[PDB]
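Quick heads-up: it's one chain on its own, the form deposited without the named molecule, in structure tokens.
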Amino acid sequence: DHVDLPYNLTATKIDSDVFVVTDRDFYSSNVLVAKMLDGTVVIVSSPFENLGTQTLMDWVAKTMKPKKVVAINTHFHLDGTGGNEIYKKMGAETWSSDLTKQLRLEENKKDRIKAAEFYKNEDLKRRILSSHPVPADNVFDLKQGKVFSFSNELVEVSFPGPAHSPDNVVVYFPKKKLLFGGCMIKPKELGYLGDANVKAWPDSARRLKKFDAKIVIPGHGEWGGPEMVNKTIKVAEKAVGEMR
């Protein structure tokens, strides 16, 4: 089933050398952890804050003994950039699009106390206020994307268009046939609409059909197969229809 971690994280194995770690205190946010054939560990997205992320990195160190860690932010929300403080502290190489870095820096200008009020309880508010999110150390041009090659094993980061957020990117692992679609994968309901482009979302999701994926991992909730994309398109087009 799963391994129980501190701060209400759970880790589930979905393939050889591939795990999903879920932050169950903060909106059941999913984090992909994949060990490459050459020993590099790639982490996609993040827990919301420092206690969760330290917990994640302790588990990565203990169970995978990485040669090197590369962390890829999926978008500027805290499930995305909330891990950067601890990723950096633990020596990981953090990456995001230039737009994600810009949006995180702008978000940091907002009054923190007001932002923390939308959280469930006092314990979570205190944890959020005890972390101070930072952008990634390394950036790529959003529309160009980024391809890593770890001893000829590729990891492809690409922008399919605005959907859940203006900056959402997906991460594809061709050898493992694994697509981390993040928070633009919404097979039942679209969720938080604040930064969304609902009109663009159907065509942005249509761009995910090209991937030869056996597993599609969403930003929240259970992962599935390529049908996760089909479902998302229908959910988004339903919302667009309701809109006029």
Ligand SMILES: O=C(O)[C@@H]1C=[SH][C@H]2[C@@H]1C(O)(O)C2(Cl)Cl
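Heads up: residue numbers just count along the shown sequence, starting at 1.
If you look for the form deposited with the named molecule bound, you will not find it shown, but the lines that follow are about it.
- With the partner omitted here, the stretch from 54-62, 205-213, 36-44, 189-197 that lies within 4.5 Å of the named molecule by heavy atoms in the bound PDB entry is 189-197.
- The candidate spot formed by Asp79, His164 and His220 is fully in contact with the named molecule in the bound PDB entry: every one of the three has a heavy atom within 4.5 Å.
- The shortest heavy atom separation between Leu179 and the named molecule in the bound PDB entry exceeds 4.5 Å.
- Proximity of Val31 to the named molecule in the bound PDB entry falls outside the 4.5 Å heavy atom cutoff.
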